[PDB]
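Undergrad: Compact mmCIF, N, CA and C atoms, file data-v3.txt:
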# COMPACT_ATOMS: atom_id res chain seq x y z
N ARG A 1 0.83 -1.19 0.00
CA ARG A 1 0.00 0.00 0.00
C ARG A 1 0.87 1.26 0.00
N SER A 2 0.26 2.36 -0.40
CA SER A 2 0.97 3.63 -0.45
C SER A 2 0.93 4.31 0.92
N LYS A 3 0.00 3.85 1.74
CA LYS A 3 -0.16 4.40 3.08
C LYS A 3 0.94 3.85 3.98
N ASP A 4 1.53 2.75 3.54
CA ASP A 4 2.60 2.12 4.30
C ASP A 4 3.89 2.91 4.11
N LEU A 5 3.93 3.68 3.03
CA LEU A 5 5.10 4.48 2.72
C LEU A 5 5.31 5.51 3.84
N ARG A 6 4.20 5.92 4.44
CA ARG A 6 4.25 6.89 5.52
C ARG A 6 4.75 6.24 6.80
N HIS A 7 4.64 4.92 6.84
CA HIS A 7 5.07 4.16 8.00
C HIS A 7 6.60 4.07 8.01
N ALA A 8 7.18 4.24 6.83
CA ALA A 8 8.62 4.19 6.69
C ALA A 8 9.25 5.38 7.40
N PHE A 9 8.50 6.47 7.44
CA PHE A 9 8.97 7.68 8.09
C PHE A 9 9.01 7.51 9.61
N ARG A 10 8.23 6.55 10.09
CA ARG A 10 8.17 6.27 11.51
C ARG A 10 9.44 5.56 11.97
N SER A 11 10.08 4.89 11.02
CA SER A 11 11.31 4.16 11.31
C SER A 11 12.48 5.14 11.45
N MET A 12 12.24 6.36 10.98
CA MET A 12 13.27 7.39 11.05
C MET A 12 13.20 8.14 12.38
N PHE A 13 12.10 7.93 13.09
CA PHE A 13 11.90 8.57 14.38
C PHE A 13 12.94 8.08 15.40
N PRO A 14 13.05 6.73 15.50
CA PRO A 14 14.00 6.13 16.43
C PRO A 14 15.43 6.25 15.91
N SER A 15 15.54 6.42 14.60
CA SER A 15 16.84 6.55 13.96
C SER A 15 17.30 8.01 14.01
N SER A 16 16.32 8.90 14.10
CA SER A 16 16.61 10.32 14.15
C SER A 16 16.96 10.74 15.58
N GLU A 17 16.51 9.92 16.52
CA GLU A 17 16.77 10.19 17.93
C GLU A 17 18.16 9.69 18.32
Step by step, read the file and then write its structure as structure tokens.
TA:
Amino acid sequence: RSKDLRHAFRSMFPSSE
């Protein structure tokens, strides 16, 4: 899904921290 693409940004949250 294309909505899952937005979930990829969530993986950057813990990586951005």
Undergrad: Please give the complete set of residues from chain A that DSSP, run on the backbone, assigns to alpha helix (DSSP H), formatted as a PyMOL selection string.
TA: chain A and resi 12-16
Undergrad: So what do you get for atom C of residue 15 (chain A) versus atom C of residue 3 (chain A), distance-wise?
TA: 19.6 Å
Undergrad: Report the distance between CA of residue 5 (chain A) and atom C of residue 17 (chain A) in Å, rounded to one decimal place.
TA: 21.0 Å
Undergrad: Add whatever atoms are absent from chain A to reach N, CA, C and O atoms, and provide the output as a compact mmCIF listing (two decimals), in the coordinates of the input.
TA:
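Heads up, here's the output in result32.txt:
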# COMPACT_ATOMS: atom_id res chain seq x y z
N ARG A 1 0.83 -1.19 0.00
CA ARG A 1 0.00 0.00 0.00
C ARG A 1 0.87 1.26 0.00
O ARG A 1 2.05 1.20 0.35
N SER A 2 0.26 2.36 -0.40
CA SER A 2 0.97 3.63 -0.45
C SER A 2 0.93 4.31 0.92
O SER A 2 1.73 5.20 1.20
N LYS A 3 0.00 3.85 1.74
CA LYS A 3 -0.16 4.40 3.08
C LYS A 3 0.94 3.85 3.98
O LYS A 3 1.23 4.42 5.03
N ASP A 4 1.53 2.75 3.54
CA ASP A 4 2.60 2.12 4.30
C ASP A 4 3.89 2.91 4.11
O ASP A 4 4.81 2.81 4.93
N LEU A 5 3.93 3.68 3.03
CA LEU A 5 5.10 4.48 2.72
C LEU A 5 5.31 5.51 3.84
O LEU A 5 6.44 5.90 4.13
N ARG A 6 4.20 5.92 4.44
CA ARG A 6 4.25 6.89 5.52
C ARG A 6 4.75 6.24 6.80
O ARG A 6 5.22 6.92 7.71
N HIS A 7 4.64 4.92 6.84
CA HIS A 7 5.07 4.16 8.00
C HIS A 7 6.60 4.07 8.01
O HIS A 7 7.21 3.86 9.06
N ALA A 8 7.18 4.24 6.83
CA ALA A 8 8.62 4.19 6.69
C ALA A 8 9.25 5.38 7.40
O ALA A 8 10.37 5.30 7.89
N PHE A 9 8.50 6.47 7.44
CA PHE A 9 8.97 7.68 8.09
C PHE A 9 9.01 7.51 9.61
O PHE A 9 9.72 8.23 10.30
N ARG A 10 8.23 6.55 10.09
CA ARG A 10 8.17 6.27 11.51
C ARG A 10 9.44 5.56 11.97
O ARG A 10 9.81 5.62 13.14
N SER A 11 10.08 4.89 11.02
CA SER A 11 11.31 4.16 11.31
C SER A 11 12.48 5.14 11.45
O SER A 11 13.53 4.78 11.97
N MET A 12 12.24 6.36 10.98
CA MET A 12 13.27 7.39 11.05
C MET A 12 13.20 8.14 12.38
O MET A 12 14.12 8.87 12.74
N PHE A 13 12.10 7.93 13.09
CA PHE A 13 11.90 8.57 14.38
C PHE A 13 12.94 8.08 15.40
O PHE A 13 13.59 8.89 16.06
N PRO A 14 13.05 6.73 15.50
CA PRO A 14 14.00 6.13 16.43
C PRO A 14 15.43 6.25 15.91
O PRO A 14 16.38 6.20 16.68
N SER A 15 15.54 6.42 14.60
CA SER A 15 16.84 6.55 13.96
C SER A 15 17.30 8.01 14.01
O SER A 15 18.50 8.29 13.96
N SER A 16 16.32 8.90 14.10
CA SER A 16 16.61 10.32 14.15
C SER A 16 16.96 10.74 15.58
O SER A 16 17.61 11.76 15.79
N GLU A 17 16.51 9.92 16.52
CA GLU A 17 16.77 10.19 17.93
C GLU A 17 18.16 9.69 18.32
O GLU A 17 19.12 9.86 17.57
